Amino acid sequence: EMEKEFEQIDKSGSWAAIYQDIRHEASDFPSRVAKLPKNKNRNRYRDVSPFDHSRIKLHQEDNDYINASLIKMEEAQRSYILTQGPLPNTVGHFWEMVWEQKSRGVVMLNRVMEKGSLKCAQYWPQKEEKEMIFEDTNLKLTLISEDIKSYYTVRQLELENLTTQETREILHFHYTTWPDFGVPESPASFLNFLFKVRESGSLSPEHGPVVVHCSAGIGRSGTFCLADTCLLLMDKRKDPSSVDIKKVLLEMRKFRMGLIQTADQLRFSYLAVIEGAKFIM
Ligand SMILES: *[C@@H]1C(=O)Nc2ccc(F)cc21
Ligand SMILES: *[C@@H]1C(=O)Nc2ccc(F)cc21
């Protein structure tokens, strides 16, 4: 039971030590496409590079590269795309990826400005009547509606393929209250965030994978996928306490580097799963 393992690591203060065992056990795979010179500016500096084996390819004949990975959790029947916050020059690529993978949801875990720097381009429209056109990828994006809450905002967007005039509705889930430093004190509002994403149908097998991101460094994102997957596996296992967070993290770590970044994020992920369990079970 992870609750008892929690008190043990907490009372012993061994979070940095557990995390380092994870860092040392974690997969390392080639990322040759990410390091090509022609991809330097498609790549957010001081951000993780995608492994070649799990990387999302754009369907443009020119350059197929985006900093994005497919996490496939086989048991849980859950798949996620994890990506960097778009750059001014990759906003069109980001929406092409959303279009081509048939994603219903985009999950954003950062503010556009944190610590007085831009963590991410403004990649969606701020007003109904000012839509965005991405001329490089032949897409149009319109804000349909915006629902601002205390801890998060949900936006309905319409993405239009200007080439074929097909349109789809995309949900933008923006968690707005992650602090500039460290992790939330309680996981309550984050859990209410996940449940929201779940009830929308954005994580369901009838859609392409959800797109998750949160700037570059800090960590976040990892926490989102790790909590979702751990909770769903408790709905599946005859014994819910067979679920080992560390094992799940190491599986995801086969698909993308740079989850959980800090021991604090690891601690928060335990606390989110523990409190999510008690809420359901
Ligand atoms: C587990 C299961 O038994 N059926 C099902 C359907 C969708 C999922 F995402 C996960 C499961
Ligand atoms: C939840 C909410 O607060 N706003 C919104 C809009 C669309 C959805 F599918 C779900 C929600």
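Read the numbers this way: they start at 1 and go in the same order the structure lists the ligands and their atoms. Note: hydrogens, waters and symmetry copies are ignored here, and every other heavy atom, side chains too, is used. Position 1 is the first residue of the sequence, and the numbers go up from there.
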Participant: Can you name the side-chain hydrogen bond (donor to acceptor under 3.5 Å, both in side chains) partners of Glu96, sequence neighbours left out?
Facilitator: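 Partners of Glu96 under the side-chain hydrogen bond (donor to acceptor under 3.5 Å, both in side chains) test: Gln60.
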
Participant: For ligand 1, which atoms have a heavy atom of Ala76 less than 4.0 angstrom away?
Facilitator: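 What qualifies from ligand 1 is 9 (F), 10 (C).
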
Participant: Tell me the protein heavy atom at minimum distance from atom 9 (F) of ligand 2, and give that distance in Å.
Facilitator: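 Answer for atom 9 (F) of ligand 2: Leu171 CD1, 3.5 Å.
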
Participant: What is the closest protein heavy atom to atom 5 (C) of ligand 2, and at what distance does it sit?
Facilitator: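 Checking every protein heavy atom, the shortest distance to atom 5 (C) of ligand 2 gives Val154 CG1, 3.5 Å.
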
Participant: Nearest heavy atom to atom 4 (N) of ligand 2 wins, so pick from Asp147, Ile148, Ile144.
Facilitator: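 Among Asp147, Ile148, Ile144, the closest heavy atom to atom 4 (N) of ligand 2 comes from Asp147.
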
Participant: Would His213 and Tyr123 count as a close aromatic pair, with their ring centres under 6.0 Å?
Facilitator: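 Distance test on ring centres: under 6.0 Å, yes.
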
Participant: What are the atoms of ligand 2, with element, lying closer than 4.0 Å to any heavy atom of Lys149?
Facilitator: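 Close to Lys149: 3 (O).
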
Participant: What's the separation between atom CD1 in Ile66 and atom CZ in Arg42, rounded to the nearest 0.5 Å?
Facilitator: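 Answer for the CD1-CZ pair, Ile66 versus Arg42, is 8.5 Å.
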
Participant: Name all residues meeting the salt bridge (charged side-chain N to carboxylate O under 4.0 Å, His left out) criterion together with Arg23; count only those two or more places apart in sequence or in a different chain, and write none if there are none.
Facilitator: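 None.
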
Participant: Does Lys40 make a cation-pi contact with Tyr45, if we ask for NZ or CZ under 6.0 Å from the ring centre and within 45° of the axis?
Facilitator: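 No - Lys40 does not lie over the ring of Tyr45 by the 6.0 Å and 45° rule.
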
Participant: For atom 6 (C) of ligand 1, what is the nearest protein heavy atom, given as residue, atom name and distance?
Facilitator: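 Looking at atom 6 (C) of ligand 1, the protein heavy atom closest to it is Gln77 OE1, 3.8 Å.
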
Participant: Quick one: are the ring centres of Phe6 and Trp15 less than 6.0 Å apart?
Facilitator: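 Yes, close enough.
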
Participant: What do we get for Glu199 next to ligand 2 when only non-hydrogen atoms under 4.0 Å count, side chain, backbone, both or neither?
Facilitator: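 The answer is neither; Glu199 stays 4.0 Å or more away.
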
Participant: Report, in ascending order of atom number, the atoms of ligand 2 lying under 4.0 Å from any heavy atom of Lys196.
Facilitator: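 Contacts of ligand 2 toward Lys196, numbered from 1: 1 (C), 2 (C), 3 (O), 4 (N), 5 (C), 10 (C), 11 (C).
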
Participant: Can you pull out the closest protein heavy atom to atom 2 (C) of ligand 1? Residue, atom name and distance to 0.1 Å, please.
Facilitator: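 The protein heavy atom lying closest is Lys236 NZ, 2.5 Å.
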
Participant: Please say whether the positively charged group of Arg111, taken as NZ for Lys or CZ for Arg, lies over the ring of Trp178, i.e. under 6.0 angstrom from the six-membered ring centre and within 45 degrees of the axis.
Facilitator: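 Pair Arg111/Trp178 does not count as cation-pi.
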
